């Protein structure tokens, strides 16, 4: 289309070009209508010709087969200088058709005979011979197991002809790179599919050329990578080392030659080639791992493999070393099984050399003048190293290396960056040394709390991180709790060290939560002055969370006054903000109270006065008033709902004193501002109190009182689409009733209008609201099931019956309609679940309903199709069949 002017070259023009794409995608000789006259659109044409001719494979007649070949052969010859990447699209398009043994049925010899000796057939002949055995059994086109049976064994027979063609390609102007890039990609394919299948490459030109090009310093990155990838392809083609006579030996000696070329590329700092070599080296080791482990230093298990990966892992550019990582993990996972102590022992001298190199790579530049950024590119590299150091130390003994690491700290005046790297490594393997008998853990702990403030920020920061891991050793040795907390207070008071210190205190609080009644006051003073320290959000939340969990473990006598002293700091701020007349934002104070109430959950026996009740009753008015002040703001009201949710949970079984005041205020605020978070909070109240018979009536009055304002808001123009949140949270609340007290809802006048609105909301194209409505329908109908006659099921069976008499037909009808006409396929497993549940309550009633639905459905679709679909659903013996039936049926509209 001419109006594509903006597309290639502000969205306001390109938005126009884009619209006509989606119109045309679905449509169908008709694409090749361009080039009425050929003059320099052709990108969009060629790009379209790929995807459409691909789809056309399984659409077109067998009439005009060679037309596709000859049109494509013509086009590709005429479009040689557009782009190297368009050639690939066209080559693939040809090859996935040409492979299919109809048409001219032309097996390998045919392309060879028709094209080979034409000097400019080779660029494209190679391109199609490369992709053809690569897209046998392979993606975008469907796998084609039908055709596969014959072909690979003919390509195994003909591979010699393709190798001989490739030898013609190197004599005929193997002078410059683009031809060899094609030759290597082609050879890599016929390697990859194994189809050489014989000993012969010792008597061949191509394999020597491949390695020569890789040894050259004057070679291009393009050619170097295409050759590197060819060598990897050739290594992967060693499916098993001995399944045919070992061309493996040729590839193995070949790669080992590249060490000189490697060392020279690193001296030149030719990094893209250094990376290409480290890949080849790693894929050699991967390809022969089994031989290395089972026959160490023997034949193709030769340990020069690991020795090359050890020189790579020493390269100062960290991007080089982390190539070799997955091989080290894989070597480790093999050693972790076999348990031959020599097949541990030999390799332990290599694993220690790797672990030394990795530890050296963890050293910061001595330059540095801060803490480590954990989001640096070095910071994130450090994590990958850290996680690999963990695994290989676990094969060696975490005691043995934690021992030797600490030895390095306390000898020969270690510079700061060595000291910090050691503390970093030690923090990775702490939490993996045995705590049942290792007093050396106490040495490091003691020796760290006695480290002076004068050492560089990094050494202090990381020793604070290590002190966190060592929280497990603190719990067993609480004489250290006091010194440890002291060391962490001191770090907490320096901005970059503050967050790391907070993490470690939180670790101490969590791990030692039982043994910290004496230390709660220290935490409480920090918690009081939380904002003075300049912590991250996570760090401040972790510090409160910790104080509250320790508070929950105090003696019941102390909690009331300790809880109020935690909260007061936040309660005062809120009281001041009520006296602030608009603009205020209570969010940060509500969210701190929420963390406190979430985690202050003491264990109280029955009849015992729960110690939070007094604090929550004193606080409730300031939160109640905050909610009413900000009642118009949806966000602040959600921050209130979440604070008040945990405040009532904080009071244990004594919730009853607060539940009616909360439910009242929820109804009052919702009645004026229909924020869906009140429906969601109501759903939490129903879920957690609905099984108590005293709460059931109050909660049903709450549902009835939340429904009137809800329905009025959905009745409005575009009310479903405008309030998908409200639909989601309405059916959440109704489903919690069905789970916790179905009979209470089912006796009520409100279940019928909830089910009427469910049927209407089936039409709303919103994935989470849809998911919520369909769950309500499924769960409501499931309360008509009674697979245990010994249950007191009879009354609910009765009341679901009454409800389904008058709305079961309207339900099945709308469900089928919304599948066919309203909503995309994402609904179908959920509708299938609802239909399946209706059948599992009453199959013959369901049969009638689906029947009268199919009759009511709005000529294209045939009465036979309707009746076949009914048959398919009503006789499915599993829910998944209903899904398939309904999907296939849905495609007809």
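Residue numbers count along the first chain shown, from 1.
- In this entry, residue 582 is separated from residue 583 by 4 to 9 residues of the deposited sequence that have no coordinates.
- According to the PDB entry, the deposited sequence runs on from residue 63 to residue 64 with no residue lacking coordinates between them.
- Note on 302-310 vs 795-803: mean CA B-factor is higher in 302-310.
- Per the PDB record, of the two stretches 259-267 and 140-148, 140-148 carries the greater mean B-factor over its C-alpha atoms.
- Across the options 621, 602, 709, 496, the residue with the most elevated CA B-factor in the record is 496.
- Which of 853, 840, 56, 867 has the largest Cα B-factor in the deposited entry comes down to 56.
- Sort the chain's modelled residues by C-alpha temperature factor and residue 627 lands in the lowest third, per the entry.
- In the deposited entry, the Cα temperature factor of residue 886 sits in the bottom third of values across the chain's modelled residues.
- When the modelled residues of the chain are ordered by C-alpha B-factor, residue 724 sits in the lowest third.
- In this PDB entry, residue 574 carries a Cα temperature factor that places it within the lowest third of its chain's modelled residues.
- Among the modelled residues of its chain, residue 748 has a C-alpha B-factor that falls in the lowest third, as given in the PDB entry.
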